[PDB]
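See below for the structure under consideration.
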Amino acid sequence: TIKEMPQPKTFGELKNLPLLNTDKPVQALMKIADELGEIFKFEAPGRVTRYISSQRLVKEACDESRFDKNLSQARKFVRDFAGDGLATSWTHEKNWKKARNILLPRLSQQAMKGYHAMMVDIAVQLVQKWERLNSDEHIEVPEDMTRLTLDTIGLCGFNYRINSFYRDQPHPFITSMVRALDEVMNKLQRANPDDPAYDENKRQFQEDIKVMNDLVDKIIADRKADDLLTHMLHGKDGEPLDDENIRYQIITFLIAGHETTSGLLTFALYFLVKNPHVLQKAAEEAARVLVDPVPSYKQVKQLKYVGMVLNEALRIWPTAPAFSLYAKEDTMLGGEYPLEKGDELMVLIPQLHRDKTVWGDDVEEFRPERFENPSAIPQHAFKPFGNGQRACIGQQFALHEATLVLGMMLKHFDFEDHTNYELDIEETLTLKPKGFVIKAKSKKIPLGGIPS
Ligand code: HEM
């Protein structure tokens with residue numbers, strides 16, 4: 001009762017690779033897996049991957065006795081600029097689990113009691129910039145969501161003030177990060193990599209890894225002249241971290257610790273303007289809960305419905321959209337698809353969150369009240385933060401940051417979807433709505449003990 005594995009139209013020496021000559025590869029890999037089922041094979045020269053989309057199979061892949069963690073084929077390149085160091089190392093690494101058990105305890109729920117104040121500091125900045133737009137003026141959502149999420153990691157994680165809001169044009173580091181990823185992403189759709197046709201391109205990329213390093217120089221310099229870098233320097237295990245691997249860990253968290261989080265907020269706010277009854281309902285929760293000008297740690301933990309709106313928007317659109325895995329031994333999967341040792345499966349997350357056998361037929365509706373009883377979401381049907389001993393380390397940081405902010409936004413403004421924005425999701429590894437803009441009617445509620 002073995003079953004042959006599916007596969008998209010191959011085109012020659014290229015195999016299936018030319019089905020990814022598009023700038024929305026994930027979005028297209030869910031049209032493929034949309035037809036070819038819960039699993040389908042994917043060959044591009046000298047690399048093969050299986051794509052699992054059903055909870056039925058994901059729940060096996062996450063069985064850590066069968067499967068270990070893997071580097072996306074995107075990850076080995078984003079390793080040409082990150083780890084050895086957490087988000088781009090294999091479990092079989094030394095400056096992984098040492099590099100993780102220095103930081104893990106700094107990222108718990110309890111550790112957020114400490115970051116909370118600086119998180120509220122950057123949040124106030126974003127709210128007030130909106131209080132001070134002219135009439136005609138609209139909001140660039142993903143654009144301002146980045147201003148925040150980045151400032152906030154820089155500041156909680158590295159006690160450095162990036163002052164992203166004191167700048168009309170996206171911070172250098174972000175313009176360069178974006179252009180560094182689009183490369184990694186196209187250098188993946190490139191049929192002949194080592195070519196001179198791509199030559200102005202791997203020198204561009206280097207200029208960009210310099211701008212990004214600039215800001216990293218600036219953050220260490222500022223420290224010399226209990227943050228997340230106070231350990232990344234003086235945290236033992238039993239080895240503190242070394243010369244070279246620390247400027248890695250830094251660029252690693254400046255990226256991981258904001259991008260995916262900016263994604264989640266643009267998406268949530270999108271979904272809310274399109275479902276104005278959910279906006280209304282979280283807008284009340286926020287009014288009812290945040291009764292001081294600024295929120296307390298205590299208060300942010302009681303934005304229950306807002307936590308829910310975040311998870312729902314994370315179901316419908318995981319911003320870190322896929323994670324990889326390898327087989328630890330030869331094995332059946334599903335009892336049908338037989339894998340060798342080392343074979344690679346990719347967890348197409350946005351599709352797993354659309355598995356109707358686990359969710360309903362309304363998998364495409366925005367309904368935050370699914371997450372009322374979170375004991376109702378089945379084993380493994382939901383994983384925006386990866387799975388297992390390599391779950392997203394910064395999940396509790398992300399969710400607190402994101403609730404706090406979505407919570408304040410909804411306390412001080414009504415938003416109008418003024419352009420009838422039709423969704424367009426730019427892909428730079430991670431997903432984020434592109435050119436999403438709205439207007440905000442302020443509720444004229446004072447903040448900080450400051451009027452406007
Ligand atoms: C906001 C602060 C965040 C930080 C500092 C952060 C950092 C990290 C780190 C260090 C890892 C690797 C952990 C490990 O290997 O032990 C990771 C993995 C991951 N993160 Fe995050 N992250 C953040 C937010 C988010 C958000 C909002 C999402 C939403 C989808 C997300 C999605 C993921 C996913 C899917 C992985 C899986 C990697 C894999 O297992 O292959 N992250 N993150």
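Ligands are numbered from 1 in the order shown, residues from 1 within each chain, and chains are lettered A, B, ... in the order they appear in the structure tokens.
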
Neighbourhood of ligand 1 at 6 Å, counting only C-alpha atoms and all ligand atoms, reported as a PDB file with C-alpha atoms, in the first residue's frame:
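Once everything was written out, this is part.pdb:
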```pdb
ATOM      1  CA  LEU A  86      20.794  30.150  16.378  1.00  0.00           C
ATOM      2  CA  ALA A  87      18.492  30.758  13.364  1.00  0.00           C
ATOM      3  CA  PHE A 253      18.538  39.262  15.910  1.00  0.00           C
ATOM      4  CA  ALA A 256      14.780  37.781  12.920  1.00  0.00           C
ATOM      5  CA  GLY A 257      13.643  39.952  15.799  1.00  0.00           C
ATOM      6  CA  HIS A 258      11.694  42.454  13.777  1.00  0.00           C
ATOM      7  CA  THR A 260       8.603  38.469  10.962  1.00  0.00           C
ATOM      8  CA  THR A 261       7.037  40.705  13.671  1.00  0.00           C
ATOM      9  CA  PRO A 318       2.555  32.857   8.746  1.00  0.00           C
ATOM     10  CA  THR A 319       5.127  35.564   8.108  1.00  0.00           C
ATOM     11  CA  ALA A 320       8.003  33.086   8.429  1.00  0.00           C
ATOM     12  CA  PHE A 323      10.639  25.509   7.978  1.00  0.00           C
ATOM     13  CA  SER A 324      12.751  22.547   6.910  1.00  0.00           C
ATOM     14  CA  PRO A 384       3.786  29.828  12.997  1.00  0.00           C
ATOM     15  CA  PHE A 385       6.868  29.490  15.253  1.00  0.00           C
ATOM     16  CA  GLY A 386       8.317  26.277  13.935  1.00  0.00           C
ATOM     17  CA  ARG A 390      13.803  24.669  17.619  1.00  0.00           C
ATOM     18  CA  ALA A 391      10.597  26.612  18.046  1.00  0.00           C
ATOM     19  CA  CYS A 392      10.901  30.314  17.475  1.00  0.00           C
ATOM     20  CA  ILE A 393      12.978  31.488  20.413  1.00  0.00           C
ATOM     21  CA  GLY A 394      11.547  34.995  20.191  1.00  0.00           C
ATOM     22  CA  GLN A 395       7.881  34.045  20.224  1.00  0.00           C
ATOM     23  CA  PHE A 397       8.922  38.705  22.784  1.00  0.00           C
ATOM     24  CA  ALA A 398       7.072  38.930  19.450  1.00  0.00           C
TER      25      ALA A 398
END
```

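Residues in contact with range 299-303 of chain A at up to 8 Å, not including ones fewer than 4 positions away on its chain and judged by only C-alpha atoms, are residues 285, 286, 289, 290, 295, 307, 400, 403, 404 and 407 of chain A.
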
Between A:367, A:130, A:83, A:209, which one has atoms that come closest to residue 281 in chain A, using only C-alpha atoms?
A:367

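Neighbours of residue 252 in chain A closer than or equal to 6 Å, with only C-alpha atoms counted and sequence neighbours fewer than 3 positions away skipped, come out as residues 82, 249 and 255 of chain A.
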
Would you mind exporting the chosen residues as a PDB file, in the first residue's frame, restricted to N, CA and C atoms?
```pdb
ATOM      1  N   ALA A  82      24.833  34.806   8.466  1.00  0.00           N
ATOM      2  CA  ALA A  82      24.222  34.745   9.822  1.00  0.00           C
ATOM      3  C   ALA A  82      24.882  33.811  10.857  1.00  0.00           C
ATOM      4  N   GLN A 249      25.508  36.629  15.676  1.00  0.00           N
ATOM      5  CA  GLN A 249      24.336  36.661  16.539  1.00  0.00           C
ATOM      6  C   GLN A 249      23.635  38.014  16.527  1.00  0.00           C
ATOM      7  N   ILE A 255      17.544  41.086  12.500  1.00  0.00           N
ATOM      8  CA  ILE A 255      16.678  40.676  11.396  1.00  0.00           C
ATOM      9  C   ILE A 255      15.518  39.827  11.880  1.00  0.00           C
TER      10      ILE A 255
END
```

Using only C-alpha atoms, determine which residues lie at most 10 Å from residue 206 in chain A, disregarding the query and same-chain residues fewer than 5 positions distant; provide the list as JSON, numbers by chain.
{"A": [176, 180, 201, 211, 212]}

Please report, as a PyMOL selection string, each residue of range 1-207 of chain A to which DSSP assigns strand (DSSP E) when run on this structure's backbone.
chain A and resi 41-44+47-52+67-69+139-140

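The closest residue to residue 174 in chain A, picked from A:259, A:194, A:243, A:68 and counting only C-alpha atoms, is A:259.
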
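Closest approach to residue 97 in chain A among A:432, A:236, A:9, A:298: A:236, based on only C-alpha atoms.
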